[PDB]
There are 4 protein chains.
Amino acid sequence: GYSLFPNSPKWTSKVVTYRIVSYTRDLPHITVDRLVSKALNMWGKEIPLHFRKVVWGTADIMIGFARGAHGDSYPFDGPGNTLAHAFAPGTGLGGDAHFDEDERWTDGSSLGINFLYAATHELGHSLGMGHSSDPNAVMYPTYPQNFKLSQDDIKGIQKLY
Amino acid sequence: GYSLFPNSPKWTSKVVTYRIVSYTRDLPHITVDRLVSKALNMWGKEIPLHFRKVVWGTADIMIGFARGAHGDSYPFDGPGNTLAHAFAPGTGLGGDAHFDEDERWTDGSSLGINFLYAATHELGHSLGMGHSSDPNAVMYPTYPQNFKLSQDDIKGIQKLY
Amino acid sequence: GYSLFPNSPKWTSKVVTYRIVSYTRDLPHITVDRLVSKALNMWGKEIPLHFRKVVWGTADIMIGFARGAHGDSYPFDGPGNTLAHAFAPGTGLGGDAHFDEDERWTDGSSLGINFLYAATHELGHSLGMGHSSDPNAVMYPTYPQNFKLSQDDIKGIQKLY
Amino acid sequence: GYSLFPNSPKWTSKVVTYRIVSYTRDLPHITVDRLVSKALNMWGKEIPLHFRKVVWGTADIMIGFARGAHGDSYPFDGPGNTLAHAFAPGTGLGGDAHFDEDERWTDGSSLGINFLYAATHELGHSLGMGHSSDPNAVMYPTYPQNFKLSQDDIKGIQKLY
Ligand SMILES: O=C(O)[C@H](Cc1c[nH]c2ccccc12)NS(=O)(=O)c1ccc(Cl)c(C(F)(F)F)c1
Ligand SMILES: O=C(O)[C@H](Cc1c[nH]c2ccccc12)NS(=O)(=O)c1ccc(Cl)c(C(F)(F)F)c1
Ligand SMILES: O=C(O)[C@H](Cc1c[nH]c2ccccc12)NS(=O)(=O)c1ccc(Cl)c(C(F)(F)F)c1
Ligand SMILES: O=C(O)[C@H](Cc1c[nH]c2ccccc12)NS(=O)(=O)c1ccc(Cl)c(C(F)(F)F)c1
Ligand SMILES: [Ca+2]
Ligand SMILES: [Ca+2]
Ligand SMILES: [Ca+2]
Ligand SMILES: [Ca+2]
Ligand SMILES: [Ca+2]
Ligand SMILES: [Ca+2]
Ligand SMILES: [Ca+2]
Ligand SMILES: [Ca+2]
Ligand SMILES: [Zn+2]
Ligand SMILES: [Zn+2]
Ligand SMILES: [Zn+2]
Ligand SMILES: [Zn+2]
Ligand SMILES: [Zn+2]
Ligand SMILES: [Zn+2]
Ligand SMILES: [Zn+2]
Ligand SMILES: [Zn+2]
């Protein structure tokens, strides 16, 4: 089933702040804001953890779109191959979720990777979820138009928190 | 000569809807709309199948331009290499035709891949045509300024429909 | 020294038309127009051949910038690697000169590949010049801020025309 | 510790001019101007060398952003891999510092490679500094939100000047 990160890293505070640092030309900013809130909320409603949005400076969870090298040890690689990545809870880069600007992202109304599903998978990592062996789980290692957390996802996040 | 898809998939309804979901900066939207209609019509006039254009939501044939990964298992790969792809008739991704935004497309007045020819080849796949061994056929596996369906193309599409 | 193309292809008419089909965001259109004229003129003043500019349809020498695949059998390849190519005199693609939009081009006032030098090298091919073994020649196989045709370049073009 | 370039190239004049030739869409021009001044000044305050900014033509130190091939023998390579490069003091390309437009650069307020740190490392090369074996040094070979020259950096630059 589900998995966590080596050593079960998790957010230790009752509240975790997040910030959408950069956006994509593929969608309106407000759309990304709403979808990010929804992705967070689907994990959030299952656990004793609260998220607070900030719009400047540093937050526990820094979310953004970027092309190529962007300040961490995992530069993006253009169209295709890697699509996004996120880091387990912790200080610094810990918890951050990055999306490769060189793909095509959609709110479901156009062609593209479904951003809501992608954000839910990545933010799952940002909360401490590893990959699942259950094909129905959002945390399954491979990639949406209509979904919800699977029982395995809920079981895993509740186990961690 | 011509070929179909393994198991002869084809549209079973008298009418098939299509939608141009995303466009290219290389051309005016209306130009893409017209060229898509023409490509469809060249296959359409030869068979008992009708196409209806829609401009929102899902249609049987979803047509669009995209860079990199875009929601299916065949992400685009930047400039060069793969130029486009389309799927045989069926539910979901079936029938869809995608074009790589990282190439240069033309209506024939500039440098670029001839979009009308490319669309006619891809939509051929969207209708259930495989590749032909006849060099004169639009469905020949390799890539326009002035063409029409070859006798092999017509023979194949009529055989399927 | 200099070389021509296998079989000495050359323009057989007294006048050769040319058209700048597509431009680059790196420079003003008029700048590209002027630099192209200058590149042509440096070869032109040495031979009994005249060039006439056209701004629509097809011309003997079609000049343009493009990203990735663009209608011929040599798609561009993104930043780096191939920078441009041109074809020996002849019908169709013959004589055409293409420049990869994924590099940086300059009129000499910024960072970039010197477009005047690049255009002079490519249009050399468009006129029937092959590569030279003389390092001073514009037609040397490898890549400008201040130059003129070398004696080898002049000797070669005059030999062909 | 620190290293210089083979043969200790260095600026021999009391004053060295610099010009920011091209900018990045990632940041305001003035921001790049300020950060470049700061990077120069951190090396400058430690040595008997003065920098003068120019805004046209050629300067000893030409600074700029570029995609792909850009006029030297080291074309950039798209997102990832090489991020930037600079040349040791000397005529022509000597002293120049180039940054790959295909990455993401930041002033520290967004996602991206920290431009101030990157500029300080590259301009270090432009002044004649090689790579250091000291992990605390800005000149360490690998890649920022809050830094200053390390004692090794200062020792090295003072040794050269
Ligand atoms: O997200 C992933 O799993 C992998 C790499 C990765 C990120 N965080 C990790 C934590 C542990 C191990 C690996 C990772 N990125 S990917 O580009 O291969 C990717 C894989 C799966 C999905 Cl669902 C999506 C997306 F973008 F759609 F969310 C992206
Ligand atoms: O269209 C093609 O054949 C191949 C891959 C492909 C798409 N659908 C298929 C169905 C079956 C088998 C392969 C395919 N794309 S390609 O990029 O190699 C390509 C090949 C041929 C042409 Cl004509 C064009 C274009 F874009 F011009 F239409 C593209
Ligand atoms: O122009 C070239 O030689 C090669 C490939 C090529 C084009 N035409 C040819 C005719 C015969 C043989 C090879 C070629 N392009 S390249 O990108 O390797 C290139 C090589 C040299 C120069 Cl000078 C420039 C530029 F762009 F600056 F003009 C480009
Ligand atoms: O800057 C570097 O070291 C290498 C290549 C290089 C440039 N100048 C050199 C002089 C000698 C030897 C190698 C180099 N560029 S890199 O892209 O690998 C790179 C390496 C380290 C840093 Cl810190 C940064 C940046 F951009 F952040 F400044 C870039
Ligand atoms: Ca963090
Ligand atoms: Ca990617
Ligand atoms: Ca479909
Ligand atoms: Ca491609
Ligand atoms: Ca021609
Ligand atoms: Ca290239
Ligand atoms: Ca210099
Ligand atoms: Ca790069
Ligand atoms: Zn990242
Ligand atoms: Zn994952
Ligand atoms: Zn696709
Ligand atoms: Zn095909
Ligand atoms: Zn070409
Ligand atoms: Zn050449
Ligand atoms: Zn450079
Ligand atoms: Zn370095």
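Below, read A as the first sequence line, B as the second, and so on, with proteins coming before strands; counting in each chain starts at 1. These numbers come from the heavy atoms of this one structure, side chains and all, not from hydrogens, waters or symmetry mates.
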Are there over 12 heavy-atom neighbours, none belonging to C:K53, within less than 6.0 Å of that residue's NZ? yes
Between the side chain of B:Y143 and the main-chain N/O of B:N114, is any donor-acceptor distance below 3.5 Å? yes
Do side-chain atoms of A:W105 reach the backbone of A:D100 as a donor and acceptor pair under 3.5 angstrom? yes
Can you find a heavy atom in the side chain of B:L127 that is under 4.5 Å from one in the side chain of B:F51? yes
Can you confirm whether B:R104 sits close enough to C:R67 that some side-chain heavy atom of one is under 4.5 Å from a side-chain heavy atom of the other? no
Looking at side-chain heavy atoms only, is the closest gap between C:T24 and C:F115 below 4.5 Å? no
N/O donor-acceptor pair under 3.5 Å between C:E103 side chain and C:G80 backbone: yes
Backbone of B:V138 reached by a side-chain donor or acceptor of B:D153 within 3.5 Å: yes
For C:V54 and C:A59, work out which heavy atoms get closest and say how close. CG2-CB, 3.5 Å
Flag if over 12 foreign heavy atoms under 6.0 Å of OH, C:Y74: no
Using modelled atom types and a 3.5 Å cut-off, is there a donor and acceptor pairing between side-chain atoms of B:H50 and backbone atoms of B:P48? no
Side chains of C:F76 and C:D102: closer than 4.5 Å at any heavy-atom pair? no
Which class fits the ring pair B:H85 and B:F87: parallel under 30°, tilted 30 to 60°, perpendicular over 60°? tilted
When rounded to the nearest 0.5 angstrom, what distance separates CZ in C:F99 from CG in B:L111? 10.5 Å
Shortest non-hydrogen contact from B:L83 to C:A69? CD2-CB, 3.3 Å
Note, C:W11 side chain near C:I61 side chain (heavy atom, < 4.5 Å): yes
Checking side chain to side chain contact (heavy atoms under 4.5 Å, CB included) for the pair A:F147/A:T120: CA distance, chi angles, key distance, verdict? CA-CA 10 Å; A:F147 77 103; A:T120 304; 3.5 Å; yes
Between the side chain of C:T82 and the main-chain N/O of C:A84, is any donor-acceptor distance below 3.5 Å? no
For a 4.5 angstrom cut-off between non-hydrogen side-chain atoms, does A:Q151 reach A:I154? yes
Would you compute the distance between atom CG of C:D72 and atom CE of C:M62 and round it to the nearest 0.5 angstrom? 12.0 Å
Test item: A:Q158 side-chain N/O and A:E46 main-chain N/O as donor-acceptor pair under 3.5 Å: yes
State whether the side chain of B:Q145 and the backbone N or O of B:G108 hold a donor-acceptor pair below 3.5 Å, judged by distance alone. yes
State the CG-NE2 distance between B:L4 and B:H131, to the nearest 0.5 angstrom. 12.5 Å
Tell me every residue that passes ring-ring contact (aromatic ring centres under 6.0 Å, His included) with C:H29, counting only those two or more places apart in sequence or in another chain. C:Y23
Tell me, yes or no, whether the heavy-atom count around B:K155 atom NZ, taken from other residues, nucleotides or ligands under 6.0 Å, exceeds 12. no
Are B:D60 and B:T17 packed together at the side-chain level, in the sense that at least one heavy-atom pair is separated by less than 4.5 angstrom? yes
Quick one: closest heavy-atom pair of B:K159 and B:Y2, and the distance? CG-OH, 3.3 Å
Do the side chains of B:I30 and B:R34 get nearer than 4.5 Å, heavy atoms only? yes
Flag, side chain of B:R52 to backbone of B:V15, donor-acceptor distance under 3.5 Å: no
How long is the gap from CG on A:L123 to CG on A:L40, to the nearest 0.5 Å? 5.0 Å
I need the A:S132 OG to A:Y140 OH distance, nearest 0.5 Å. 8.5 Å
For the atom pair CD1 (A:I20) and CG (A:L35), what is the distance rounded to the nearest 0.5 Å? 9.0 Å
Start with the C-alpha gap between B:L49 and B:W43, add the side-chain angles, then the distance that decides, and say whether side chain to side chain contact (heavy atoms under 4.5 Å, CB included) holds. CA-CA 9 Å; B:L49 186 63; B:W43 291 109; over 6 Å; no
Minimum heavy-atom separation for B:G71 to B:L93, with atom names? O-CD1, 4.5 Å
Verify the distance criterion only: is there a donor paired with an acceptor across the side chains of B:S150 and B:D152 at less than 3.5 Å? no
Identify the two heavy atoms, one from B:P79 and one from C:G68, that lie closest to each other, and give their separation to 0.1 Å. CB-CA, 3.4 Å
Compare every heavy atom of B:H125 with every heavy atom of B:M129, then report the nearest pair and how far apart it is. O-ND1, 2.8 Å
